[PDB]
Amino acid sequence: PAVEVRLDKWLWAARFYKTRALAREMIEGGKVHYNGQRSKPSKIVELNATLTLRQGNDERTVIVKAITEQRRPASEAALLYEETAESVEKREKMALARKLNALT
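Here is the structure:
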């Protein structure tokens, strides 16, 4: 089955975490959810799955659009998923509010 890529490898390939070991720690900390639930490092990624993950102190919800074992460049990897519009908005709004409480 050459259509089986682990969630920890995937998260690293998609550049969400610097190393697979870190991606594995985040998963085990419950900081990454797969279709709304705790997952595991060895979970095989499926196209269109919904992943919710912690980025520093940001939360992003992305939909898996491609699977690969290669970690490509910044702009290139970024193409293995599509962040949801609701996720981008939530992030923005929190960022804005941050900059607001700042100018006050």
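Residue numbers are given in the working numbering: position 34 of the sequence shown equals residue 34, and the series is strictly consecutive. Think of the CB as a built atom: it goes at the ideal place given N, C-alpha and C, for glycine as much as any other residue.
With residue 82 as the anchor, note down where its beta strand (DSSP E) starts and where it stops.
-> The residue given as residue 82 occupies position 82 in the sequence shown. Element bounds for residue 82: 81-83.
Alpha-carbon to alpha-carbon, residue 74 and residue 4 | Taking the sequence shown and counting its residues from 1, one reaches residue 4 at position 4. Taking the sequence shown and counting its residues from 1, one reaches residue 74 at position 74. Approximately 23 angstroms, taken between the alpha carbons.
Decide if residue 44 is buried, meaning its Cβ has at least 16 other Cβ atoms within 10 Å, or exposed.
-> Along the sequence shown, read from residue 1 onward, the residue named residue 44 stands at position 44. Counting the other CB atoms within 10 Å of its CB gives residue 44 a total below 16, which places it among the exposed residues.
What is the DSSP secondary structure of residue 25, reduced to helix, strand or coil?
-> Numbered from 1 along the sequence shown, position 25 holds the residue referred to as residue 25. Helix, per DSSP.
Alpha carbon to alpha carbon, how far is residue 91 from residue 46? Give it in angstroms, no decimals.
-> Indexing the sequence shown from 1 puts residue 46 at position 46. Indexing the sequence shown from 1 puts residue 91 at position 91. Their backbone Cα atoms lie some 25 angstroms apart in a straight line.
Proximal residues to residue 34 (C-beta, below 7 angstroms), its chain only, five neighbours per side dropped | Taking the sequence shown and counting its residues from 1, one reaches residue 34 at position 34. Within the same chain, residue 34 has close Cβ partners 7, 43, 49 and 51.
Is it true that the CB of residue 80 sits closer than 8 angstroms to the CB of residue 13?
-> One-based indexing of the sequence shown puts residue 13 at position 13. One-based indexing of the sequence shown puts residue 80 at position 80. Less than 8 angstroms divides the Cβ of residue 13 from the Cβ of residue 80.
Would you identify the three-state DSSP class for residue 59, choosing helix, strand or coil?
-> Locating residue 59 in the sequence shown gives position 59, counting from the first residue. Assigned with DSSP and collapsed to three states, residue 59 falls in strand.
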